[PDB]
Amino acid sequence: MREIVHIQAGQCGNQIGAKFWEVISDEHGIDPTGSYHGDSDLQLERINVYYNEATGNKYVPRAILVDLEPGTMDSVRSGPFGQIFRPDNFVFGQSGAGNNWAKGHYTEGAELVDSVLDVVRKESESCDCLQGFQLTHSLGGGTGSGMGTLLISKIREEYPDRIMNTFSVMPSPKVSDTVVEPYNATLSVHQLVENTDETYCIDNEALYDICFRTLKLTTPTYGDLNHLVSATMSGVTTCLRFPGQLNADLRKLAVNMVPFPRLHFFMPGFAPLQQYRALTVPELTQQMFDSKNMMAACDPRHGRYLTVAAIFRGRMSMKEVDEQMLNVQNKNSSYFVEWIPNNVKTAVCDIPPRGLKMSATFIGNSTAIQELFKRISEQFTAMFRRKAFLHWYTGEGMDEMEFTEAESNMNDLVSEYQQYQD
Amino acid sequence: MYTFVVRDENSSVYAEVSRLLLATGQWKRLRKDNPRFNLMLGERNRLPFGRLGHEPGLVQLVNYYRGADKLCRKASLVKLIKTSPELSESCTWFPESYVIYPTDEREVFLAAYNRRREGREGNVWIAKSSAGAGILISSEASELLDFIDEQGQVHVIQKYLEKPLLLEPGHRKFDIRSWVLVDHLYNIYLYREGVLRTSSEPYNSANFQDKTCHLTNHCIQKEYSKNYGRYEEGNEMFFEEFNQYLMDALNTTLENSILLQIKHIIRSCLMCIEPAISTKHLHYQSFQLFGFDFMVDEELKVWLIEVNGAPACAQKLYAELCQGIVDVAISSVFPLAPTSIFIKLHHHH
Amino acid sequence: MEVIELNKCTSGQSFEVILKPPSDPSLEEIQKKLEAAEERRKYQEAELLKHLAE
Amino acid sequence: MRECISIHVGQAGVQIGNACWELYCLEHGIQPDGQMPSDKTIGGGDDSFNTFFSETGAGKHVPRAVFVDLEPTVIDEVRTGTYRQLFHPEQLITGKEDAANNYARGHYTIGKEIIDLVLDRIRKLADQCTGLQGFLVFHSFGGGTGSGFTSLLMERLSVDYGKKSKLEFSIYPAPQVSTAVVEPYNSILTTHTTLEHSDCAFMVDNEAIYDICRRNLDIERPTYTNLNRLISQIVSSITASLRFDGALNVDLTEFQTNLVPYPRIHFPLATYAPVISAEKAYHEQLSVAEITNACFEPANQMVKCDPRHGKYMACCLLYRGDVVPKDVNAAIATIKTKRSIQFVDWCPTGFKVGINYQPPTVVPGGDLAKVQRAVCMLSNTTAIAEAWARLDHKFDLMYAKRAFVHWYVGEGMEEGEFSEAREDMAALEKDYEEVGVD
Ligand SMILES: Nc1nc2c(ncn2[C@@H]2O[C@H](COP(=O)(O)OP(=O)(O)OP(=O)(O)O)[C@@H](O)[C@H]2O)c(=O)[nH]1
Ligand SMILES: Nc1ncnc2c1ncn2[C@@H]1O[C@H](COP(=O)(O)OP(=O)(O)CP(=O)(O)O)[C@@H](O)[C@H]1O
Ligand SMILES: Nc1nc2c(ncn2[C@@H]2O[C@H](COP(=O)(O)OP(=O)(O)O)[C@@H](O)[C@H]2O)c(=O)[nH]1
Ligand SMILES: CC(=O)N1CCN(c2ccc(Cl)cc2)CC1
Ligand SMILES: CC(=O)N1CCN(c2ccc(Cl)cc2)CC1
Ligand SMILES: [Ca+2]
Ligand SMILES: [Ca+2]
Ligand SMILES: [Ca+2]
Ligand SMILES: [Mg+2]
Ligand SMILES: [Mg+2]
Ligand SMILES: [Mg+2]
């Protein structure tokens, strides 16, 4: 009974979080009212990982919805699976965070964080053996970024020896809401370097290009981008939610994915992305490793993989899977570090996602992720050198010194990635 | 797309093999430490065979047979010929030899030595070791043993061929180099092209002090000999010319008079150690190129001198021989997307 | 080629063939190790809590 | 009669233990409910099989075994499995979260808090033994529990049972059936601290078992069940002498005497034959000479390596089935004239042979065919040092960059224990070379 406590904060965090629970609820046979109606016992074997069991055979997600404004969470409660969430697990304010990291982290968020922890404490206390936490949020806004990282810090203070994972949406000028996003993202990245064990980096630019170029969506919407995020989040958690020869909790997974404590930022991928055609194993493996299928907006051919994990879902030839995986590495070994033996691992799951005969999810710890932090650091410095828009932050009590430190911290992170790429 | 690594930057042979593999556009070279490889061009010494054949899904091949040193070490070869039932009894093609440390065959050597001295027979021996460029030819036993104690490594004393076949004109010694390729299936391929490394000095059996006319090494002839390149370019005569010579001088052919014995000697040595080095049922595959060095006496009898495990090739033959390596040794295991240059010495496995 | 010490019973037999003749830390010390590692875990955690307190 | 207590640590040890005790029951005619019709002494006796089974007054034959795992999912397969009725609940010990493939976590963090409980349960089994021989300890090298907790247990067993032999069955890490990258660390850490505490250890390389299952059993992608059923046959062959009437390897002390001249070099190479697929139409029953010759083929070894380039220090032939001494010697002489068998000059060039007439037993509906005769060779070769070299090299690759080291330090382990354990493995590699190479 290795329970996980899920937290979703801010607009982005709650919209992606909502689609995630919608997706896996479907996979586990849970209807919008919380009643099970599947046809396989595999759907319930690990159901307690993400769902609490209530009276009358009800399954209630172990999820906490956090936001500094009511808007988005009112949408969740009225959405498809809105009724499935625990009424007491909606924790929200009225002021909002104004896309301001300082407001979410120091002023508005600080006033709300204690009641969020009360709910976290409540969920953890009813866990047979808490596996860890997962947070969905963006880094470019105010609540998910500033208050989200504050939450992580206070969770780590109270649960120092539990795994803390995040699905973190990285900003991009292409799909930008405000010009202060580089400020908010840089301030958050430093928090994550210290206080998360694994962070799946989701780049809205990569999601956009996949919708425009690969998926052929003329005008992508946040809904479209979130469909890819939901699908990815379901893939990475497949080994946690269904039985298989994997059998590994968050800590065991983190141990084999993270060789150095600060380099724990993953590039996820999914495949597939003329829609009823059967996709062969070669097509899954080639696409999954293709850059046009990854959501980090980074070219893996610019860095090297420290560790790579792949989850294949569906009834397929596991012999043919190994043949294709062992073909991609042995045909591109120049992009894998040679000093971590056997750093490419594969796992199969028989239950395919909804409406797909088979799929593959990709999780890469690549040094190419430094390009994502370089882009952010460049946008940050361009503004910070002129102190542009800083008054929104110094008006909340922050000093310029804290920005200088965050700038240095992320530049160190880039330097740390660069030395392992050589 | 096949991958290979290079771990001996001093191999002239596999420098060209590596140059040819890259030319096919279907072979990719990796850093020498990358374990994910199909073919290893390994180092001459301490090659880590124990780490081969453990990468999932990778068919791994190496250019050395683990255990072939038994054949390519002076003292090891002598011991193999004497302790192998396939050889010792009828090994009429290896000069009488004895392992001598500075177990040890000191007393046994002297017994055969006193026999020759007492029987008026030619009692000239040559002492040598694997640590040589350090050779000594002498007819007195005292000098041969005192020369080994001054050193500090194992030496072998074998009978010096006092009646070598001398080419004319010139009245000069020589030796024959034969290149043999053994693939993963243990087929024994003899390169159709050999080389005679000739001495440009007239053979003088009354002065074993000046070793220029006795040692036919390409380096000694190009260094201490004053007639280097007079008769043949680089003191190297190839089979076409040598065969024609045997027809004009002795009314015989290179095939009948010599090559039959060479083929028999190559098969005897390689078949003998096959059970101990074969990779047929192993988790990795081996092949290797060998340099067999022969002497020919005035009776047209062939003598095995030594076997080189890391041989070089004749400048004129690098192109053809190296292509043959890739053809039968590498591409046979890793195919790409004639009239073979080799001679298959068939045998029972 | 000699067989020696042939032992026979209803469930089997055994023997020996010769082809050729020839030619701790105490309980206390284990406690110290375990508690030393525990102490280093306590110290590292105290440094984290100190960091979070700052 | 002298009792043997089996200890199964971690997932690999537990599941292999599960497969062995299933096989033992089928070999001794013990039903899943614990009853044994052929046992005429009810609730008592000092028969050979009583070395591994005790008996209740109600006629139940209870394995002298303890199962230990830091997380319960694997042992619950035993609590509810076919043979759930064989074990008392106290024999199955499970924590709530595992060592996360972290030796430091299994040895220090979690081991410290569960060791005394495990000793207490083991003590309760020892108190039923009138003459305890020692322990058989099953575990993996790569697991955080199998590596970390085992080495702690071995240290404490040397304290509490100084005069008792300890034998290991260790699962050597293979990438083809593993999703972990830190197993080289755990392997070297556990071998270092366990070395002076284990009298004899049989390493099984998953790479070898995997290939034997693909090659001989035509299993495209073997599972752990396929691997464990095969491994249990070899284990059964090794422990048969302790459970059946006989004169060879009748107590654990005899394993060291016949297989380990030098204490640190206590890792015999195991070879088994034949492994025949059950789905086969009908195989030709192999002869004594043939299955004996198979013992010198690298493809039938539990650890892939080339014994032709090592030296033998000892050699045991264990036959089960229709085998008579006449056929064994005939096959032996034939093999000495064809194979490369170099013994160390300070050890007789001989073979201790044991024959058990009962042919190999196979789990009904399993992958292994019923054969009329099988053999397991236990030979102490320097060739097995290849496995240490391979594993030590992988350790070096990662340790040069300190990759993953922080996970061990975070659990209270000092970085110095890495290099201390590595230098011990370097000395172990040197020992093999001083015995093997000239
Ligand atoms: N042959 C065999 N190997 C196994 C089996 N189970 C696990 N392994 C191997 O053991 C290694 C993993 O260690 P585990 O035994 O699973 O881990 P553990 O001992 O339970 O320790 P934890 O980290 O706490 O889970 C890998 O190399 C697996 O291939 C098994 O049933 N049979
Ligand atoms: N018993 C013998 N009788 C006659 N000549 C001999 C001999 N032993 C060695 N030689 C001479 O020595 C030369 C080869 O020496 P040897 O091969 O033993 O040293 P080496 O191994 O350093 C040279 P390489 O390995 O390149 O052939 C031959 O040209 C031959 O003339
Ligand atoms: N992929 C995705 N990105 C979003 C979504 N909503 C907002 N974002 C991104 O998140 C950032 C805005 O942060 P937001 O979550 O709205 O701020 P918050 O409510 O204060 O936490 C911008 O970079 C947006 O591009 C969403 O639903 N999906
Ligand atoms: C939750 C988490 O940490 N992860 C990353 C590692 N994962 C993984 C998948 C397949 C294999 Cl073979 C190994 C590891 C699953 C998801
Ligand atoms: C009264 C009763 O039920 N019993 C039988 C089982 N017991 C037991 C304890 C520890 C171990 Cl390791 C094995 C068995 C305790 C006594
Ligand atoms: Ca307020
Ligand atoms: Ca009884
Ligand atoms: Ca001891
Ligand atoms: Mg917003
Ligand atoms: Mg030489
Ligand atoms: Mg486990």
Side-chain angles (χ1 to χ4, degrees), chain A residues 1-4 41-42 44-53 62 124 126-132 161-163 239-245 248-253 255, chain D residues 6-22 63 65-102 105-107 109-122 124-125 137-140 142-150 152-153 171 179-180 224-225 228:
Chain A
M1 317 176 193
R2 29 187 65 149
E3 291 80 25
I4 293 181
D41 307 329
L42 293 67
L44 296 176
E45 182 140 18
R46 301 187 184 188
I47 194 67
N48 57 13
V49 177
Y50 281 95
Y51 297 86
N52 283 311
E53 195 168 10
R62 193 172 304 98
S124 305
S126 75
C127 281
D128 180 26
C129 185
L130 183 63
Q131 214 192 121
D161 63 349
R162 297 298 93 180
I163 294 298
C239 63
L240 305 171
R241 300 185 287 102
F242 301 93
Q245 265 201 9
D249 62 11
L250 294 181
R251 183 177 291 103
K252 186 179 279 191
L253 296 177
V255 158
Chain D
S6 292
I7 305 175
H8 311 277
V9 186
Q11 173 179 134
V14 169
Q15 294 192 150
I16 291 170
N18 209 29
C20 293
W21 289 100
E22 181 194 23
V66 177
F67 291 75
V68 188
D69 201 354
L70 309 189
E71 144 252 353
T73 69
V74 189
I75 283 180
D76 290 334
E77 306 299 347
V78 181
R79 300 190 172 119
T80 59
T82 293
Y83 293 88
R84 60 187 180 274
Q85 304 181 40
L86 295 182
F87 308 92
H88 302 279
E90 294 89 351
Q91 299 175 252
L92 313 178
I93 316 179
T94 53
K96 277 195 176 179
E97 68 182 337
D98 58 21
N101 289 347
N102 185 339
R105 192 169 173 89
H107 181 100
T109 312
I110 298 179
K112 170 176 185 295
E113 310 291 345
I114 204 181
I115 180 64
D116 288 322
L117 169 70
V118 178
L119 295 186
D120 182 81
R121 301 287 169 86
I122 296 173
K124 284 177 174 174
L125 291 181
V137 189
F138 301 75
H139 66 103
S140 63
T145 306
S147 69
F149 181 69
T150 299
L152 175 62
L153 179 60
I171 304 303
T179 48
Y224 280 140
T225 307
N228 292 337

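Values below: all heavy atoms of this structure, side chains included; hydrogens, waters and symmetry mates excluded. Convention: sequence-line order gives letters A, B, ...; per-chain numbering from 1.
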*In Å and rounded to the nearest 0.5 Å, what is the CG to CD1 distance from A:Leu130 to A:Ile163?*
10.5 Å
*Considering all heavy atoms of both residues, which atom of A:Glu3 and which atom of A:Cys127 are nearest to each other, and what is their separation?*
CB-SG, 3.3 Å
*Are D:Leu92 and D:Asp69 side-chain neighbours, meaning at least one heavy-atom pair lies under 4.5 Å?*
no
*Ignoring hydrogens and angles, tell me if any N or O in the side chain of D:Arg84 forms a donor-acceptor pair with the backbone of D:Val78 under 3.5 Å.*
no
*Sub-3.5 Å donor-acceptor pair from the side chain of D:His8 to the main-chain atoms of D:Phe67, do we have one?*
no
*asked:* Between D:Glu77 (side chain only) and D:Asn18 (backbone N and O only), is there a donor and an acceptor less than 3.5 Å apart?
replied: no
_A:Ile47 CD1 to A:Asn52 CG distance, which is reported to the nearest 0.5 Å_ = 11.0 Å
*Spatial distance of atom CZ (D:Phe149) from atom CG (D:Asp98) [nearest 0.5 Å]*: 14.0 Å
*asked:* Heavy-atom count check: over 12 atoms from other residues, nucleotides or ligands less than 6.0 Å from A:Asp128 CG?
replied: yes
*Shortest non-hydrogen separation from D:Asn101 to D:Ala180 and the atoms involved*: ND2-CB, 3.4 Å
*Would you say A:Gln131's side chain and A:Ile4's backbone share a donor-acceptor pair under 3.5 angstrom?*
no
*Drop me the distance from D:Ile7's CD1 to D:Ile93's CD1, to the nearest 0.5 angstrom.*
9.5 Å
_Using side-chain heavy atoms (C-beta onward) and a distance below 4.5 Å, is D:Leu86 in contact with D:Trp21?_
no
*asked:* Assess the residue pair A:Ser124 and A:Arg162 against the criterion (side chain to side chain contact (heavy atoms under 4.5 Å, CB included)); give the C-alpha distance rounded to whole Å, side-chain angles, the decisive distance to 0.1 Å, and a yes or no.
replied: CA-CA 11 Å; A:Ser124 305; A:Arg162 297 298 93 180; over 6 Å; no
*State, with a plain yes or no, whether a side-chain heavy atom of D:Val14 is found less than 4.5 Å away from one of D:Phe138.*
no
_If I compare all heavy atoms of D:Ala12 with all of D:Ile171, which pair ends up nearest, and what's the gap?_
CB-CG1, 4.3 Å
*Answer with yes or no whether the side chains of D:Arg79 and D:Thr94 bring together a donor and an acceptor at under 3.5 Å.*
yes
*Over all heavy atoms of both residues, which pair between D:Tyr224 and A:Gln245 is shortest? Give the atoms and the distance, please.*
N-NE2, 3.5 Å
*Between the main-chain N or O of A:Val49 and the side-chain N or O of A:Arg241, is there a donor-acceptor pair closer than 3.5 Å?*
no
*If we only count heavy atoms from C-beta on, is the A:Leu253 to A:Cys239 side-chain gap below 4.5 Å?*
yes
*Less than 4.5 Å apart, any side-chain heavy atom of D:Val9 and any of D:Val118?*
no
*Does a side-chain heavy-atom distance below 4.5 Å link D:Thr150 with D:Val68?*
no
*Any side-chain heavy atom of A:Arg251 within less than 4.5 Å of one from D:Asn102?*
no
_If you compare all heavy atoms of D:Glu113 against all heavy atoms of D:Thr109, which two are closest, and at what distance to 0.1 Å?_
CG-O, 3.6 Å
*Once you round to the nearest 0.5 Å, how far does CD of A:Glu45 lie from CZ of A:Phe242?*
11.0 Å
*asked:* Are D:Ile122 and D:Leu153 packed together at the side-chain level, in the sense that at least one heavy-atom pair is separated by less than 4.5 angstrom?
replied: yes
*CA sep, side-chain torsions, deciding dist, call: A:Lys252, D:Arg105, side chain to side chain contact (heavy atoms under 4.5 Å, CB included)*: CA-CA 11 Å; A:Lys252 186 179 279 191; D:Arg105 192 169 173 89; over 6 Å; no
*Straight-line distance of D:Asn228 CG to D:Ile16 CD1, nearest 0.5 Å*: 5.0 Å
